[PDB]
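Read top to bottom, the protein sequences are chains A and I.
With the deposited numbering applied, the first sequence covers 1 to 12, 16 to 146, 150 to 245.
Going by the deposited numbering, the first residue of the second sequence is number 2, and it counts up by one from there.
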Amino acid sequence: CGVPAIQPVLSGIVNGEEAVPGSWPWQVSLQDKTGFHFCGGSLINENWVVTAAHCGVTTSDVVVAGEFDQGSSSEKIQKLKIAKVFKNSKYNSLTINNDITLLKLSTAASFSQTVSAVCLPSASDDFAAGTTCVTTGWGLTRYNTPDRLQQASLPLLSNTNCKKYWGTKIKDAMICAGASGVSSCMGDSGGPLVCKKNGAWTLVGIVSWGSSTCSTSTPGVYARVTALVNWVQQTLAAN
Amino acid sequence: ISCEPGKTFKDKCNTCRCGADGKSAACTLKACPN
């Protein structure tokens, strides 16, 4: 996991840049019956996708893998149906805490050079503040919806420094990043925030919430995967 | 933007919590059909 067949190129979502096609193989798009993209997500293995609980995904939605340009019709993509939705029981819709949902596919995904899985961290893993990580998505680039997958590098913050911005809204199951020139925005929800650990890209955050105006001077908020991995493991082990 | 401080209102398809100054707010980042 975490090693894309097509190596990504970073020259270092608002103020991001266009990514190399197929360089973020675990990035999927969640679409409704009409084909409307409403949230992002990440493949963790052939049968499962992880995304945000607030996205409100149902077994009537579709997972699209291997995509780059959403306006194109000549890409070799995979439209996968959803078997079951597993929302985290501790999700609080008022505080947006424990913002994580698992999707069991009704048909396994076919791995290739444009479709593969991202690695999951260990609950004890240490991702230090200041580390430069990456977030990707098809969300707004300006307050303008992009056709092509965007990417951005940004530093993780410590929850103590994030509280200076959001106060009591920052819970332990949350991690912040940004406030450095770029910003997650509408349409990015459920997408990944990845950092490289021992050579492999690892999922450390899931786009959750932030500035209503996608300010590039305010840190974005993501669900902290290390505080949620045990739940993921239990769910997988039981299904 | 202008909203009731601390109040949890709902934008299009996203939900938000008005800033402690009624001048801003924090919202989820979903894409809405409208």
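We put the beta carbon where it would ideally sit given N, CA and C, even for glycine.
Burial state of residue i, where buried means 16 or more other Cβ atoms lie within 10 Å
i        : result
A/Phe130 : buried
A/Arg145 : exposed
A/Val9   : exposed
A/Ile103 : buried
A/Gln30  : buried
I/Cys19  : buried
A/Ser75  : exposed
I/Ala21  : exposed
Reference residue i; option with closest CA among the options
i        : options                                   : result
A/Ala56  : A/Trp215, A/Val9 and A/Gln116             : A/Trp215
A/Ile85  : A/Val60, A/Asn101 and A/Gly25             : A/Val60
A/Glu70  : A/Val23, A/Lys36, A/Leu108 and A/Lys93    : A/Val23
A/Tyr171 : I/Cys4, I/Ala26 and I/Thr16               : I/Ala26
I/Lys11  : A/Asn150, A/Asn100, A/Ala158 and A/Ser96  : A/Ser96
A/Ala120 : A/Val213, A/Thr208, A/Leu234 and A/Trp237 : A/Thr208
A/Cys1   : A/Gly226, A/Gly173 and A/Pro124           : A/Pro124
A/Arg230 : A/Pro4, A/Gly12, A/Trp51 and A/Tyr94      : A/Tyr94
A/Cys220 : A/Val65, A/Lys169, A/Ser195 and A/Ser92   : A/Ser195
A/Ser11  : A/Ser92, A/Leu160, A/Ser113 and A/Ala5    : A/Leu160
A/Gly184 : A/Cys42, A/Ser127, A/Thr37 and A/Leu163   : A/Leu163
A/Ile47  : A/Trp27, A/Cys58, A/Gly142 and A/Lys175   : A/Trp27
A/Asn165 : A/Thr151, A/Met180 and A/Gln240           : A/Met180
A/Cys168 : A/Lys203, A/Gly226, A/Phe114 and A/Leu155 : A/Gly226
A/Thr224 : A/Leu106, A/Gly187 and A/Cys122           : A/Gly187
A/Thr138 : A/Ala5, A/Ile16 and A/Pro4                : A/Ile16
A/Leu83  : A/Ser109, A/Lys90 and A/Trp237            : A/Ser109
A/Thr241 : A/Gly38, A/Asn50 and A/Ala5               : A/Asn50
A/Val118 : A/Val52, A/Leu105 and A/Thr232            : A/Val52
I/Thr16  : A/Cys58, A/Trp141, A/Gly197 and A/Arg154  : A/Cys58
Identified DSSP bridge partners for residue i
i        : result
A/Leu209 : A/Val200
A/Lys90  : A/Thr104
A/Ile85  : A/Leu108
A/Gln34  : A/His40 and A/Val65
I/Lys11  : I/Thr16
A/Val17  : A/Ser189
A/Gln156 : A/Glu21 and A/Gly140
A/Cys182 : A/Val227
A/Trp215 : A/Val227 and I/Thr29
A/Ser45  : A/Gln30 and A/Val53
A/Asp128 : Looking at the DSSP assignment, A/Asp128 forms no beta bridge with any residue, so it has no partner.
A/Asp72  : A/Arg154
Supposed close pair residue i, residue j - CB separation, criterion 8 Å
i        : j        : result
A/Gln34  : A/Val67  : 6 Å
A/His40  : A/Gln7   : The pair is not a contact, with the Cβ atoms about 26 Å apart (cut-off 8 Å).
A/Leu234 : A/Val213 : The Cβ separation is near 14 Å, so there is no contact.
A/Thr151 : A/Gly205 : That pair is no contact at about 34 Å.
A/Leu106 : A/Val238 : In fact, because the Cβ distance is near 12 Å, the residues do not count as touching under 8 Å.
A/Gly38  : A/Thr54  : Not really, about 18 Å apart at Cβ, beyond 8 Å.
I/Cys14  : I/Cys33  : 4 Å
Helix, strand or coil at residue i according to DSSP, with G and I counted as helix
i        : result
A/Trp51  : strand
A/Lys177 : coil
A/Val118 : coil
I/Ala26  : strand
A/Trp237 : helix
A/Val23  : coil
A/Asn95  : strand
A/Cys136 : strand
A/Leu162 : strand
A/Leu242 : helix
A/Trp29  : coil
Near the ligand PLP: residue i beta-carbon under 7 Å from a heavy atom
i        : result
A/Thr110 : Absence of the ligand PLP is noted for the structure shown, with no ligands found whatsoever.
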